[PDB]
Amino acid sequence: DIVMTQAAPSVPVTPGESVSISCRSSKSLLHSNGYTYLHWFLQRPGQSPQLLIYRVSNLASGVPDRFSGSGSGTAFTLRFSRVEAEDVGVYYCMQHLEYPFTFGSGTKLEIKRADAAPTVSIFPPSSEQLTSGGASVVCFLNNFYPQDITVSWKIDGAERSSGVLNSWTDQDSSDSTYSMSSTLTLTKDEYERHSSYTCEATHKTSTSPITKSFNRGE
Amino acid sequence: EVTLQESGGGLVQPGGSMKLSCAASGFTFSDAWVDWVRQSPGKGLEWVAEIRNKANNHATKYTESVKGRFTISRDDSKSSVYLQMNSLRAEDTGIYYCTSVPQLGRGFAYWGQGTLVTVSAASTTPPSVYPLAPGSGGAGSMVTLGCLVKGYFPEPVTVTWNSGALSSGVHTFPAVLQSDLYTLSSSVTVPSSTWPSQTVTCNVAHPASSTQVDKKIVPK
Ligand SMILES: C[N@H+]1[C@H]2CC[C@@H]1[C@@H](C(=O)[O-])[C@@H](OC(=O)c1cccc(O)c1)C2
């Protein structure tokens with residue numbers, strides 16, 4: 001099997017500048033007919049892959065002029081003349097020379113922007129859920145940057161770790177921010193033994209934790 | 001207008017069998033070579049199988065891990081290609097996409113939207129949908145509302161706000177799985193001059209169970 005290598009798992013870049021992504025093949029992709037069988041694909045979050053460049057340097061129809069490709073033998077490069085915020089996604093190279101056809105692991109393009117503090121919202125269980133015997137407390141930490149953030153849950157001051165469900169969105173294609181959802185799963189019974197519920201976030205935009213809480217007894 | 005459309009995915013029992021279909025249009029299907037590629041966490045994109053055109057004797061090629069279990073075929077009179085999968089294992093779980101090489105040297109020029117295959121002995125279960133309204137009072141300029149979707153299986157569920165009318169400040173997070181099955185949340189941020197004066201509704205559809213639920217977000 002031909003091994004396709006994309007060293008960088010991701011590359012940070014600021015909108016407006018040019019950047020390149022590289023790919024290497026364990027074997028020459030030059031065919032007898034004289035064509036070099038290496039293609040580049042883009043996969044935006046939640047969508048199917050899409051062809052950008054076929055056979056090293058041919059732009060597919062509909063692909064923006066800012067993309068170009070180069071290389072030969074076993075080293076290839078994908079360049080952006082000017083990067084745009086909407087270029088967020090994962091870029092894959094693929095050899096189409098021998099079976100089985102193989103893909104590189106991909107390189108995610110990350111757009112750098114100004115720091116953005118998360119907007120934190122906490123939500124007590126809906127009464128509909130309580131009548132059902134459940135008590136999920138939800139916390140949304142939205143539109144922040146950079147991507148790393150830490151969330152802590154406190155119940156009456158003491159930290160809880162089990163029963164916490166965390167989910168993250170990909171970088172937004174328009175404002176380049178990230179968002180996170182954190183859910184504390186409790187039973188109606190557990191929920192009622194306590195009163196203070198706290199969603200605490202630690203992000204680089206603040207020295208002290210961002211704190212949001214409410215009290216069941218209200 | 002070029003398009004490839006897959007169908008036939010869903011929940012399937014381990015050791016069971018399933019057939020995926022791909023319908024083409026907008027290009028000379030009979031000249032094209034058609035392939036299936038799947039995607040899963042860990043392996044990323046993985047080539048699965050290929051069937052050539054008639055001039056090339058309809059020859060098939062398969063990746064090692066599916067040889068003997070999967071069978072690819074095509075029907076040019078219907079501009080379709082099929083992927084028959086037998087003895088399904090948990091490792092076959094993933095998104096399957098149909099793609100084609102329309103002409104020599106073109107690469108995988110066209111791709112379908114993909115269809116999710118989940119191999120599991122668990123059973124289909126509909127979701128419960130809970131509206132999430134703010135505790136305190138707004139103001140202040142913007143208000144964030146939410147929708148909690150839990151207890152369903154398998155994926156996916158589609159969530160929209162006001163039947164699609166509200167799309168801008170929406171974040172629908174990836175589902176999380178544990179003992180209560182899948183739990184997914186979605187939030188929407190709107191001006192405080194929009195809610196609660198105007199009606200904000202969460203619309204949830206779970207194809208697998210044919211469940212549809214519309215829950216209004218009311219001030220608590
Ligand atoms: C190294 N080659 C070999 C194996 C992969 C790649 C590919 C290529 O050369 O493009 C193949 O052929 C097609 O995919 C093809 C050929 C004729 C018509 C058509 O629609 C598609 C021939």
# chains A, B, ... in the order shown; residues from 1 in each chain; ligands from 1
call {"tool": "residues_near_ligand", "arguments": {"ligand": "ligand 1", "cutoff": "7 Å", "atoms": "only C-alpha atoms and all ligand atoms", "output": "list in words"}}
result
residues 31, 37, 96, 97 and 98 of chain A; 31, 32, 33, 101, 102, 103, 104, 105, 106 and 107 of chain B
call {"tool": "interface_residues", "arguments": {"of": "chain B", "to": "chain A", "cutoff": "7 Å", "atoms": "only C-alpha atoms", "output": "MDAnalysis selection string"}}
result
chainID B and resid 44:47 63 106:109 111 113:114 130:135 173:174 176
call {"tool": "select_by_dssp", "arguments": {"residues": "range 20-183 of chain B", "states": "strand (DSSP E)", "output": "count of residues only"}}
result
81
call {"tool": "closest_residue", "arguments": {"among": "B:170, B:18, B:200, B:23", "to": "residue 112 in chain B", "atoms": "only C-alpha atoms"}}
result
B:23
call {"tool": "residues_around", "arguments": {"residues": "range 73-85 of chain B", "least_positions_apart": "3", "cutoff": "6 Å", "atoms": "only C-alpha atoms", "output": "list in words"}}
result
residues 17, 18, 19, 20, 21, 22, 23, 24, 29, 30 and 70 of chain B
call {"tool": "atom_distance", "arguments": {"atom1": "CA of residue 116 in chain B", "atom2": "CA of residue 208 in chain B"}}
result
11.2 Å
call {"tool": "atom_distance", "arguments": {"atom1": "CA of residue 92 in chain B", "atom2": "CA of residue 65 in chain B"}}
result
9.5 Å
call {"tool": "select_by_dssp", "arguments": {"residues": "chain B", "states": "helix (DSSP H, G or I)", "output": "VMD selection string"}}
result
chain B and resid 29 to 31 54 to 56 64 to 66 76 to 78 90 to 92 162 to 164 207 to 209
call {"tool": "closest_residue", "arguments": {"among": "A:115, A:17, A:189, A:110", "to": "residue 81 in chain A", "atoms": "only C-alpha atoms"}}
result
A:17
call {"tool": "residues_around", "arguments": {"residues": "residue 107 in chain A", "least_positions_apart": "5", "cutoff": "7 Å", "atoms": "only C-alpha atoms", "output": "PDB file with C-alpha atoms, in the first residue's frame"}}
result
ATOM      1  CA  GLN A   6       0.553  14.925   5.765  1.00  0.00           C
ATOM      2  CA  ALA A   8       0.966  18.855   9.983  1.00  0.00           C
ATOM      3  CA  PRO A   9      -2.323  17.906  11.645  1.00  0.00           C
ATOM      4  CA  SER A  10      -3.294  21.578  11.387  1.00  0.00           C
ATOM      5  CA  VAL A  90      -9.676  19.670   6.504  1.00  0.00           C
ATOM      6  CA  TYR A  91      -7.484  19.280   3.441  1.00  0.00           C
ATOM      7  CA  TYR A  92      -6.650  15.818   2.138  1.00  0.00           C
TER       8      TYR A  92
END
call {"tool": "residues_around", "arguments": {"residues": "range 151-159 of chain A", "least_positions_apart": "6", "cutoff": "10 Å", "atoms": "only C-alpha atoms", "output": "list in words"}}
result
residues 139, 141, 166, 180, 181, 182, 183, 184, 191, 193, 194, 195, 196, 197, 198, 199, 200, 201, 202, 203, 209, 210, 211, 213 and 215 of chain A
call {"tool": "write_last_selection", "arguments": {"atoms": "C-alpha atoms", "output": "mmCIF file, in the first residue's frame"}}
result
data_model
loop_
_atom_site.group_PDB
_atom_site.id
_atom_site.type_symbol
_atom_site.label_atom_id
_atom_site.label_comp_id
_atom_site.auth_asym_id
_atom_site.auth_seq_id
_atom_site.Cartn_x
_atom_site.Cartn_y
_atom_site.Cartn_z
ATOM 1 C CA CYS A 139 -24.317 25.106 30.027
ATOM 2 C CA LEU A 141 -20.090 28.502 26.267
ATOM 3 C CA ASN A 166 -19.127 17.617 26.646
ATOM 4 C CA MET A 180 -18.975 24.277 23.519
ATOM 5 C CA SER A 181 -21.886 22.570 25.221
ATOM 6 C CA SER A 182 -21.582 20.969 28.666
ATOM 7 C CA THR A 183 -24.401 18.971 30.285
ATOM 8 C CA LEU A 184 -24.570 17.806 33.907
ATOM 9 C CA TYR A 191 -31.193 17.401 41.678
ATOM 10 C CA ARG A 193 -30.946 17.163 47.382
ATOM 11 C CA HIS A 194 -28.962 20.277 46.405
ATOM 12 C CA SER A 195 -29.619 23.947 45.667
ATOM 13 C CA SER A 196 -26.678 25.745 44.033
ATOM 14 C CA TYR A 197 -25.578 24.729 40.528
ATOM 15 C CA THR A 198 -22.493 26.208 38.935
ATOM 16 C CA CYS A 199 -20.963 26.259 35.480
ATOM 17 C CA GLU A 200 -17.405 27.539 35.723
ATOM 18 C CA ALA A 201 -15.273 28.264 32.666
ATOM 19 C CA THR A 202 -11.534 28.855 32.416
ATOM 20 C CA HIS A 203 -10.373 30.573 29.258
ATOM 21 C CA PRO A 209 -13.094 31.833 36.065
ATOM 22 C CA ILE A 210 -16.246 32.826 34.183
ATOM 23 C CA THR A 211 -19.000 31.752 36.521
ATOM 24 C CA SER A 213 -25.027 29.631 38.476
ATOM 25 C CA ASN A 215 -30.308 27.961 42.810
#
call {"tool": "atom_distance", "arguments": {"atom1": "CA of residue 91 in chain B", "atom2": "CA of residue 38 in chain B"}}
result
11.1 Å
call {"tool": "residues_around", "arguments": {"residues": "range 147-150 of chain B", "least_positions_apart": "2", "cutoff": "7 Å", "atoms": "only C-alpha atoms", "output": "ChimeraX atom specification"}}
result
/B:127-132,152,182-187,202
